[PDB]
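Enquirer: After the structure tokens below, expect a handful of questions from me.
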Amino acid sequence: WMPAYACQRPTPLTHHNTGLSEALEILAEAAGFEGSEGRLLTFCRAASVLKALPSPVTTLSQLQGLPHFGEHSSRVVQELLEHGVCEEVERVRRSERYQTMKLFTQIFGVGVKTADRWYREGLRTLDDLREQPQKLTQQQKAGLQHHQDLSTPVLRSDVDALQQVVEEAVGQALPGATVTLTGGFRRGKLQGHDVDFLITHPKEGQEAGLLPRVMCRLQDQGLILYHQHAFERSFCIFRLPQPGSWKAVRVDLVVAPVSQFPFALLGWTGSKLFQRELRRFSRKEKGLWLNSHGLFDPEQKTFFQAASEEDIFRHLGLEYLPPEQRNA
DNA sequence: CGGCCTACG
DNA sequence: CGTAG
DNA sequence: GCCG
Ligand SMILES: [Cl-]
Ligand SMILES: [Mg+2]
Ligand SMILES: [Mg+2]
Ligand SMILES: [Mg+2]
Ligand code: NA
């Protein structure tokens, strides 16, 4: 009664097993910091199964038969049910390795590999990093200078204001181009740590060269605190107005041709785990190769045309899930 | 045991 | 290496 | 870590 892939079941944003899923997610995150992507995936998948259940797990019996629950994830849940805490989870939470890797990887421009190297060198705090700016990229310098603002949640109210300013620049860059809110806010989140936008134009080909024109215009309006500069994804830090001041916010801008827009919308709406699971399902169960540009049949050597996300779910033999049910 | 999503900057 | 969902 |  519980399918094995997250793309085969609705997952709402709020659910009935929040504490259990959060614990499993700590173990997933810690596995990622050690480079164990397989263990990360299993703990993420097990967490997501609990998000999709219709009521709280109250007894270990209720895990029997659920996919992605083996000895380890079951023991975590058992300890939480019996004692309200899991010793392994709490040991990870208080560990210097976990806390420092979490802090470093949260920096824009720093991934697991950089964070791990800094950890092995003995670095532990952001001020440690600030004291040797020679070992930092321009991107990392920006991420470090803006880290405090970037750690503050972006509210839905902030999103609406940002969308209007992006639409103004996009309209001058290319009249008729459109801006669609994606990522977590499209799935119904009330907060986030960034804002994701997808830009297209109804006339195929007109979107070529668009993103540099949009970036130049936002830069000229004084709104860009940082960006990496032909391109189609821009990872920016924007100046967002606040009462009597402003704050830095991460904004991602993506361009797609309208022929690819359903695939880009699907990919950029997420969740991350939902999309990994959907691509895994496509390839392993249907023999089709999915990305944010299209869906390829490698036997016929043809690309599926899609005019909607609904088309893509139908192509893959899956019941449609609206964005609010993709919170795997 | 092999596999674990698949891109772009 | 970083980034994204 | 789990699935097939
Ligand atoms: Cl692993
Ligand atoms: Mg986002
Ligand atoms: Mg983003
Ligand atoms: Mg992210
Ligand atoms: Na980072």
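Quick note on naming: the chains in the structure tokens go A, B, ... in the order shown, residues restart at 1 in each chain, and ligands are numbered from 1 in order of appearance.
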Set the cut-off to 10 Å, count only C-alpha atoms (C1' of nucleotides) and all ligand atoms, and list whatever residues fall near ligand 5 as a PyMOL selection string.

Expert: (chain A and resi 102-112+114-115+140+143) or (chain C and resi 2-3)

Enquirer: Enumerate residues in contact with ligand 4: an atom-to-atom distance of at most 10 Å, counting only C-alpha atoms (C1' of nucleotides) and all ligand atoms. Format the result as a list in words.

Expert: residues 106, 183, 184, 192, 193, 194, 196, 270, 271 and 272 of chain A; 3, 4 and 5 of chain C

Enquirer: Taking only C-alpha atoms (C1' of nucleotides) and all ligand atoms into account, report as a VMD selection string which residues have an atom no farther than 7 Å from an atom of ligand 1.

Expert: chain A and resid 36 to 40

Enquirer: Identify all chain A residues at most 10 Å from chain D by counting only C-alpha atoms (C1' of nucleotides); ligands do not count. Present them as a list in words.

Expert: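 So the contacting residues turn out to be residues 4, 36, 37, 38, 39, 40, 41, 42, 43, 45, 46, 67, 68, 69, 70, 71, 72 and 73 of chain A.
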
Enquirer: Would you please give, as an NGL selection string, all residues of range 78-293 of chain A that DSSP assigns to strand (DSSP E) based on the backbone?

Expert: :A and (154-155 or 178-181 or 191-192 or 195-200 or 224-226 or 233-242 or 245-255 or 289-290)

Enquirer: For the structure I just gave you, how does DSSP split range 52-211 of chain A - specifically, which residues are alpha helix (DSSP H)? Reply as a PyMOL selection string.

Expert: chain A and resi 71-83+87-93+96-105+112-120+126-130+138-145+147-150+156-173+183-186+210-211

Enquirer: Any idea which chain B residues end up within 8 Å of chain A if we count only C-alpha atoms (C1' of nucleotides), as a ChimeraX atom specification please?

Expert: /B:4-9
